[PDB]
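Order of appearance sets the numbers: ligands from 1, and atoms from 1 within every ligand. Each chain gets a letter, A, B and so on, in the order the sequences are listed, and its residues count up from 1. Hydrogens, waters and symmetry mates are skipped; everything else that's a heavy atom, side chains included, is used.
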Amino acid sequence: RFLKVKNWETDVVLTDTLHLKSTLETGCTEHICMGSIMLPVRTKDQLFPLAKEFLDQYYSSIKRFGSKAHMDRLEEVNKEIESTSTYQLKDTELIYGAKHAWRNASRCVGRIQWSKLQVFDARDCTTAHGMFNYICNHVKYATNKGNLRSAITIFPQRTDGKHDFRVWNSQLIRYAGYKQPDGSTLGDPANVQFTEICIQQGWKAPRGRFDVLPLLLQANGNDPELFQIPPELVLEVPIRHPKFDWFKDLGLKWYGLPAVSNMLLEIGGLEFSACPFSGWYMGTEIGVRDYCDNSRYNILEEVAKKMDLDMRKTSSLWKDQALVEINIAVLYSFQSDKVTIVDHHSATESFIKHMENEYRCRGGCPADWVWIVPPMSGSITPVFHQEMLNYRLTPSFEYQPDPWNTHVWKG
Amino acid sequence: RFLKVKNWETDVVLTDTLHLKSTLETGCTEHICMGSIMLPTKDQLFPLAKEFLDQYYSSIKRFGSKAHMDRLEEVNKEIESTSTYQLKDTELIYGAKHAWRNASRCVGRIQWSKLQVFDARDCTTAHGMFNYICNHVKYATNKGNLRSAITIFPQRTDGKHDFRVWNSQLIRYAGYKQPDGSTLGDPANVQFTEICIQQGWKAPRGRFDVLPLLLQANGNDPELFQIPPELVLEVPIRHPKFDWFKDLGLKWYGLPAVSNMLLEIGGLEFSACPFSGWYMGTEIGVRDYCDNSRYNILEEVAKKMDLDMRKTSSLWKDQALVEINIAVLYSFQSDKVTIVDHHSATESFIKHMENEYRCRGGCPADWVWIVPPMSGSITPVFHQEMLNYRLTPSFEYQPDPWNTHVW
Ligand code: HEM
Ligand code: HEM
Ligand SMILES: Cc1cc(N)nc(COC[C@@H]2C[C@@H](OCc3cc(C)cc(N)n3)CN2)c1
Ligand SMILES: Cc1cc(N)nc(COC[C@@H]2C[C@@H](OCc3cc(C)cc(N)n3)CN2)c1
Ligand SMILES: C[C@H](O)[C@H](O)[C@H]1CNc2nc(N)[nH]c(=O)c2N1
Ligand SMILES: C[C@H](O)[C@H](O)[C@H]1CNc2nc(N)[nH]c(=O)c2N1
Ligand SMILES: [Zn+2]
């Protein structure tokens with residue numbers, strides 16, 4: 001079967017066949033679309049099919065499908081599963097798998113870059129201190145003094161589900177948030193619960209507005225342990241504006257390295273519960289969401305005040321005006337400091353070129369419109385006008401619940 | 001089977017039960033989401049009639065009453081004999097209001113119960129259609145104090161006697177492909193303009209020419225009529241700070257009036273049912289003015305602002321966008337023509353959603369359409385999970401008549 005998507009700006013029509021390979025579910029049915037819903041131990045029997053599906057894809061990609069090497073590898077994995085109840089990936093399969101999880105990530109606008117991913121194999125890791133060391137090396141490699149490089153570090157896979165490796169941080173680098181007795185928040189309200197956990201575990205909180213959180217690291221199902229990332233490894237950018245000299249006195253800064261640490265990587269049925277990955281920022285992630293969400297730093301008012309916009313009625317579009325100036329500031333700042341960043345116009349244009357390429361060479365590109373369209377200036381970006389099909393391919397990145405909700409505390 | 005939606009800004013969680021009453025299919029499956037796709041006999045009619053009359057009688061708290069059982073009887077009888085039936089005025093009004101209530105793509109539904117319904121089922125000719133439509137335009141416009149209205153022409157019979165307004169909106173601007181290669185006017189309307197010229201319209205060949213109505217009665221060939229110019233309220237666009245903005249020569253019309261959709265009520269199909277509200281400012285300033293395939297004015301504006309257009313990262317597009325949208329709102333407000341900004345409209349929709357969840361058990365909403373085309377995440381709807389599903393009565397897309405009509 002063939003599904004078509006149309007671009008309503010260019011009238012380019014594309015044909016998807018790749019969707020024939022999805023099997024996981026969307027949340028939607030013939031009666032209800034859940035496209036805007038944020039969140040819509042295995043057995044041997046389920047495992048070998050998943051392994052086989054993956055190895056068939058891997059061997060096809062290297063043009064060795066049905067070779068002796070492919071067949072010997074299937075037999076080898078089959079025997080390993082029946083005997084040990086799991087299997088180990090070869091390094092080449094791990095690299096291919098991690099790259100494909102990114103390629104398959106339907107909410108990711110930056111996927112043009114998918115084939116350029118540095119994979120660090122941390123499956124020999126055994127302790128939280130070992131995890132800390134791997135993560136520092138990742139951060140230093142990825143940061144590359146501002147010339148950012150995409151990377152992923154993969155810790156040992158799930159076994160019985162009682163021995164999981166987890167990074168409790170949602171990102172490797174993030175700022176603390178402190179709920180005050182008066183109900184106000186100091187720092188980032190997104191990270192209050194995690195900050196309280198760090199404090200409880202013994203972190204000495206500086207109690208400022210941009211305090212880089214400590215890593216909380218769990219190895220082999222053990223209780224997690226705290227570590228401070230060496231400050232010299234954490235690249236930060238002070239935010240200033242090209243024309244507005246008072247912008248700097250808002251005291252804003254942000255970190256250069258976006259590094260997701262709380263997702264689960266599935267490759268061939270295996271589950272990598274600690275797999276931190278990092279790329280570089282699109283400016284709106286900081287300028288629109290991190291700074292301007294009401295539930296985050298919430299700076300729109302102070303910026304509009306300083307700009308002397310008419311704030312008595314929403315129809316002056318003062319919020320819209322201040323929003324643009326903040327985003328100019330973020331891009332100007334990163335560029336001035338030679339820290340990699342991409343604007344939402346460039347990133348969405350590259351994404352459309354990536355998407356069209358994927359259609360031609362792969363037969364599709366699953367994409368989640370709700371997430372791909374930037375949170376400002378939506379229809380002046382080409383993705384707004386692009387119909388997309390969202391479906392689930394593996395290898396994949398998945399949400400997993402926060403570990404403080406599920407961890408069995410040892411003592 | 002019972003579904004939750006969460007607002008990620010306020011943590012408020014609502015429970016949807018209304019989706020179980022959903023009837024038509026979404027386009028999505030368990031394997032694939034089509035949420036971003038623009039367009040994903042007798043024996044059939046009585047179930048549809050019954051479904052509607054049950055909800056109607058429930059709505060006036062008379063469910064299972066003799067008057068309810070009598071009406072079902074009467075309609076059953078009428079379909080049996082005539083192959084169709086006719087709605088009571090009370091039913092027609094209820095159906096139309098509810099079609100708006102059910103429109104998952106409409107942010108303005110807080111207004112749904114204040115809809116003036118003009119019953120034009122007694123209309124028989126295109127000249128009659130023109131009269132009804134001028135009356136709708138004048139009533140809805142109300143000298144700038146806009147009032148929502150719908151005018152309902154006779155229902156489909158055998159499908160060869162359809163009433164249709166050929167225009168996509170009652171008021172729109174012509175588009176002309178030029179020898180030059182460019183497009184003069186609105187590129188959205190090039191094909192319809194040609195059909196108008198072909199059917200005899202003498203086009204002025206300007207940038208903002210109000211199209212004539214092309215009206216089809218009783219499945220007859222469509223006829224042309226010009227809307228009295230004095231009934232078409234238009235707004236010249238100026239900016240509160242940039243005096244040069246008026247020199248761009250921009251204007252828009254006050255009355256957004258959709259005329260190409262089909263109203264389905266209790267299985268009956270009303271193929272000509274033009275309806276109108278008032279504008280949200282972004283519809284004109286972001287989409288009509290800035291879409292690359294519409295008036296595409298960003299470059300010109302940015303050039304007059306003297307912005308650095310060298311690199312996308314200066315955000316010159318974003319800067320010019322905000323200014324254009326400021327000018328749209330200021331112009332409408334200064335001329336006292338009703339308009340809503342996207343902040344006000346989306347705040348109102350959140351309130352409406354909470355009302356509908358509390359009073360009705362849900363509100364079908366299409367996030368892709370509801371979130372405005374600029375400044376998405378600074379409006380509350382961005383952070384609001386929504387469920388999309390199809391309830392009847394409904395407004396539906398139907399194919400353009402020139403593909404379907406046999407001359
Ligand atoms: C190279 C530069 C990259 C850019 C500019 C980029 C851009 C983005 C943006 C803007 C989002 C949505 C984030 C949000 O709104 O919270 C996102 C999501 C995502 N990206 Fe990327 N990305 C990049 C690299 C990567 C890499 C290296 C990976 C994994 C190897 C990745 C995988 C993902 C995943 C799984 C999501 C969805 C996350 C979720 O559901 O919370 N991306 N990307
Ligand atoms: C009173 C003020 C109203 C406001 C502010 C408003 C707002 C909007 C907006 C902004 C859109 C999206 C339009 C687009 O992006 O092309 C829309 C769509 C829609 N509205 Fe409304 N609306 C109003 C009145 C009405 C009325 C009176 C009806 C019917 C009686 C209606 C039914 C619809 C329908 C069916 C759609 C989707 C049309 C389509 O799919 O193309 N609305 N509304
Ligand atoms: C509950 C829930 C599920 C789910 N899938 N996502 C969320 C919220 O998303 C948090 C976002 C995703 C992460 O950033 C995206 C990103 C990742 C990368 C690798 C690069 C980049 N520029 N941007 C951090 N914030 C919440
Ligand atoms: C009643 C009303 C009020 C208001 N403020 N705005 C509107 C705007 O809707 C008018 C038209 C109808 C919409 O058409 C877009 C469209 C195109 C196609 C091909 C299909 C479809 N369902 N919808 C957008 N403009 C309508
Ligand atoms: C409810 C809704 O799905 C939610 O607010 C989404 C919308 N789109 C998004 N898009 C991106 N890129 N990131 C997000 O966090 C969200 N949040
Ligand atoms: C492909 C995509 O569905 C399309 O561009 C949509 C997105 N959201 C929209 N939203 C509104 N309100 N109006 C539109 O015309 C569109 N177009
Ligand atoms: Zn869907």
Protein contact of atom 12 (N) of ligand 6 - nearest heavy atom, named by residue and atom, plus distance = B:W369 O, 2.9 Å
Assert yes or no for the condition that the ring centre distance of B:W252 to B:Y173 is strictly below 6.0 Å.
-> yes
Would you say ligand 6 has an N or O under 3.5 Å from any N or O of A:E387?
-> no
Would you check whether B:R105 reaches within less than 4.0 Å of ligand 4, judged by its heavy atoms?
-> yes
Tell me, which pairs form a ring-ring contact (aromatic ring centres under 6.0 Å, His included) where one or both residues lie in residues 322-346 of chain B, sequence neighbours left out?
-> none
Measure the distance from atom 3 (O) of ligand 6 to every protein heavy atom, then report the residue, atom name and distance (to 0.1 Å) of the closest one.
-> B:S36 O, 2.6 Å
Min over B:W367, A:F384, A:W8 of heavy-atom distance to atom 2 (C) of ligand 6 lands on A:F384
Counterpart residues, salt bridge (charged side-chain N to carboxylate O under 4.0 Å, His left out), relative to B:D209 (two or more places apart) | none
Nearest protein heavy-atom contact for atom 14 (C) of ligand 6: which residue, which atom, what distance?
-> B:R287 NH1, 3.2 Å
Heteroatom proximity flag, B:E283 to ligand 4, N/O under 3.5 Å = yes
Donor-acceptor under 3.5 Å (B:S259 side chain, B:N167 main chain) | yes
State which residues pass ring pair (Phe, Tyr, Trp, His ring centres under 6.0 Å) with A:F397; sequence neighbours excluded, sorted by chain then number.
-> A:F277
Whether B:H352 side chain and B:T346 backbone form a donor-acceptor pair below 3.5 Å | no
N/O of A:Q386 under 3.5 Å from N/O of ligand 6, yes or no?
-> no
Taking distance alone, with no angle check, do A:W8 and ligand 4 share an N/O pair under 3.5 Å?
-> no
A:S396 and A:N104 side chains, donor-acceptor separation under 3.5 Å | no
Protein-side N, O or S atoms sitting under 2.8 Å from the Zn ion (ligand 7) are A:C28 SG, A:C33 SG, B:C28 SG, B:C33 SG
So which protein heavy atom does atom 8 (N) of ligand 6 come closest to, and at what separation?
-> B:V368 O, 3.0 Å
For atom 24 (C) of ligand 4, is the nearest protein heavy atom closer than 4.0 Å?
-> no
Answer with yes or no whether B:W100 contacts ligand 4, where contact means a heavy atom under 4.0 Å from a ligand atom.
-> no
When you look for heavy atoms under 4.0 Å from ligand 4, do you find them on the side chain of B:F395, its backbone, both, or neither?
-> neither
